[PDB]
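Participant: Build me a model:
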Amino acid sequence: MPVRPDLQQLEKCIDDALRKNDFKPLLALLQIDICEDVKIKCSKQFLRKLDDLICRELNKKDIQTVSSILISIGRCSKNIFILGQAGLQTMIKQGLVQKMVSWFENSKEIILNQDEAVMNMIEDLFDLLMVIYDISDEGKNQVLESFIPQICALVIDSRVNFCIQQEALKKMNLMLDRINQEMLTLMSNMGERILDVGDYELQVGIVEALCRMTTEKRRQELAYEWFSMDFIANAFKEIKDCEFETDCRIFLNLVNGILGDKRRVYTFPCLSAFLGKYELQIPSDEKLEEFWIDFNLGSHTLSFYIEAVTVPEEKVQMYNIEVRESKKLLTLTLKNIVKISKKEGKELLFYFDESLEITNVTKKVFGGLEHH
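Facilitator: Residues are numbered from 1 along each chain as shown. The protein structure is shown below:
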């Protein structure tokens with residue numbers, strides 16, 4: 001009795017979505033496990049139909065349906081053939097990367113005026129971008145050339161939700177990992193942006209992007225163009241590629257420290273942290289001077305490494321701060337159980353030295369959530 005979905009019918013599913021506004025066939029395919037045996041025949045006009053359907057759904061603001069299309073293309077990408085030739089490479093030769101630039105451009109109105117459906121949609125878009133990047137040198141060259149400037153512009157734009165910037169910035173650093181007046185301007189605005197982005201994870205990714213795109217030698221001059229403050233330009237020039245992760249912590253702690261009451265990231269050393277009753281493990285390099293906790297005034301999160309852990313303000317039911325035995329305890333009651341390093345709990349406890357200003361910093365990220 002049940003109708004069986006047929007992967008070989010992918011293009012007809014796209015036709016049904018286009019012509020009938022019926023997404024049930026496409027959705028049914030998403031429940032099949034792709035087998036490396038199967039060959040999906042697609043036409044020379046498949047890319048045009050994809051472009052038509054995605055632009056229409058973007059114009060309608062049907063966020064989750066754009067996601068379903070992008071996921072279908074990626075999941076099936078390595079099983080599609082067009083007139084006998086590899087389907088992904090044929091679409092690349094038909095201009096797929098420039099269609100994806102267009103889809104990203106046509107997503108900008110959505111990206112601005114915003115829930116996490118948009119977050120998933122952009123993640124799905126970049127996931128498809130990475131499949132194209134990894135499939136050949138040509139797809140990789142076009143992706144780098146077109147999307148590095150787009151992502152930098154997105155990361156610099158203070159109107160964009162931090163989770164979208166974090167997703168894009170991390171995909172960009174992945175693309176740079178394997179491997180112009182406009183870039184020089186963008187990179188200068190990226191440096192400026194570190195100073196007030198107000199999110200430690202974005203600060204690191206931007207620093208990381210700038211260091212992947214510029215030599216340690218070049219940064220000796222670019223530091224003084226990118227950072228007006230001599231103190232900050234000096235610290236930047238000391239970041240060594242070979243100890244990047246720990247030197248980047250040192251630099252950012254200096255930058256956020258020197259900015260004083262203008263800083264948008266407050267970093268405190270922490271004595272010990274707990275999820276429920278379980279003590280979380282402190283990262284121990286031989287180089288990280290302290291167990292650091294980052295209070296992110298731009299993104300309204302608290303974040304730290306243990307694995308990065310991020311606590312957004314919408315996840316906090318309430319918190320309190322108490323002084324006992326010469327320690328300041330920040331207790332966060334979360335709105336749901338979370339899992340960190342195979343442990344679970346609903347409350348996060350952070351113990352701080354009593355001289356630290358936990359109360360006034362915490363109310364900048366979790367405003368209106370303190371219980372006395």
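Participant: For residue 185, give its distance to residue 191.
Facilitator: Separation of residue 185 from residue 191 (C-beta to C-beta, to the nearest Å): 11 Å. For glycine as for every other residue, the C-beta is placed from the backbone atoms N, C-alpha and C.
Participant: quick one: which of the two has more around it?
Facilitator: residue 191 (21 against 13; other C-beta atoms under 10 Å).
Participant: I'd like the next helix or strand past the longest strand belonging to the chain.
Facilitator: Identified as the longest strand of the chain according to DSSP state E is strand 327-340. Later in the chain than strand 327-340, the nearest helix or strand by DSSP states H and E is strand 343-353.
Participant: Return the set of buried residues in the longest strand of the chain.
Facilitator: Residues 328-330, 332, 334, 338, 340 are the ones in strand 327-340 that count as buried (16 or more other C-beta atoms under 10 Å).
Participant: Outline the domain layout of this protein.
Facilitator: As recorded under curated CATH domains, the domains making up the chain are 1-264, 265-371.
Participant: any chance of the buried residues of strand 327-340 in CSV, with distance to residue 11 too?
Facilitator: Below are the buried residues of strand 327-340 laid out as CSV (distance: C-beta to C-beta, whole Å):
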residue, distance to residue 11
328, 62
329, 60
330, 55
332, 50
334, 46
338, 42
340, 44
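Participant: so which two of those residues are the farthest from each other?
Facilitator: Pairwise distances across the buried residues of strand 327-340 (C-beta to C-beta) peak at 22.6 Å, for the pair 328 and 338.
Participant: quick revisit: between the buried residues of strand 327-340, which is nearest residue 16?
Facilitator: Residue 16 has its nearest neighbour among the buried residues of strand 327-340 in residue 338, at 40.2 Å by C-beta to C-beta.
Participant: Wait, that closest one touches residue 347, no?
Facilitator: No - under the criterion of C-beta atoms under 8 Å, residue 338 is not in contact with residue 347, lying 9.7 Å apart.
Participant: Spit out the residues that contact these two alike.
Facilitator: Taking C-beta atoms under 8 Å, 6 or more residues apart in numbering as the criterion, residue 338 and residue 347 both touch residue 275.
Participant: Pull up the gap between residue 292 and residue 300, please.
Facilitator: Distance, residue 292 to residue 300, using C-beta to C-beta: 18 Å.
Participant: swap in residue 43?
Facilitator: Residue 43 is 48 Å from residue 300, where distance means C-beta to C-beta.
Participant: Pick out whichever of those two has more residues nearby.
Facilitator: Comparing residue 43 with residue 300 by other C-beta under 10 Å, the one with more neighbours is residue 300, at 19 against 11.
Participant: Find the nearest non-adjacent residue to the more buried one, please.
Facilitator: residue 313 (4.3 Å; C-beta to C-beta, 6 or more residues apart in numbering).
Participant: Contact partners for the one you found?
Facilitator: Taking C-beta under 8 Å, 6+ apart, we find residue 313 in contact with 300-301, 365-367, 369.
Participant: what packs against the helix or strand hosting residue 54?
Facilitator: Using DSSP H and E, residue 54 sits within helix 46-60. The contact analysis (3 or more C-beta pairs under 8 Å, 6 or more residues apart in numbering; DSSP states H and E) places helix 46-60 against helix 10-20, helix 63-76, helix 87-94, helix 96-105.
Participant: Would you reformat those helices as TSV and include distance to residue 133 and mean neighbour count?
Facilitator: What follows is the helices and strands packed on helix 46-60, written out as TSV (distance: least, C-beta to C-beta, whole Å; neighbours: other C-beta atoms under 10 Å):
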stretch	distance to residue 133	mean neighbour count
helix 10-20	22	17
helix 63-76	12	20
helix 87-94	11	20
helix 96-105	9	18
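Participant: Throw those into JSON lines and include distance to residue 128, thanks.
Facilitator: Putting those into JSON lines (distance: least, C-beta to C-beta, whole Å) gives the following:
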{"stretch": "helix 10-20", "distance to residue 128": "15"}
{"stretch": "helix 63-76", "distance to residue 128": "5"}
{"stretch": "helix 87-94", "distance to residue 128": "10"}
{"stretch": "helix 96-105", "distance to residue 128": "7"}
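Participant: Residue 65 and residue 23 touch, don't they?
Facilitator: Yes - contact criterion C-beta under 8 Å: residue 65 and residue 23 qualify, at 6.1 Å.
Participant: Counting neighbours, what do you get for the closest residue to residue 279 other than its chain neighbours?
Facilitator: Nearest residue to residue 279, sequence neighbours excluded (C-beta to C-beta, 6+ apart): residue 272, at 6.2 Å. Neighbour count for residue 272, taken as other C-beta under 10 Å: 13.
Participant: Equivalent analysis for residue 345, please.
Facilitator: 16.
Participant: which residues sit in contact with it?
Facilitator: 275-278, 337-338.
Participant: Next, the contact list for residue 344, please.
Facilitator: Listed by C-beta under 8 Å, 6+ apart, the contact set of residue 344 reads 275-276, 337-338.
Participant: can you give me the strands in the protein?
Facilitator: With DSSP E, the ranges of strands along the chain come out as 40-42, 80-82, 85-86, 265-269, 272-275, 278-279, 292-296, 301-305, 308-312, 316-324, 327-340, 343-353.
Participant: ok so, going back, who wins for most neighbours among the contacts of residue 313?
Facilitator: Counting neighbours by other C-beta under 10 Å, the top entry in the contacts of residue 313 is residue 301, with 25 neighbours.
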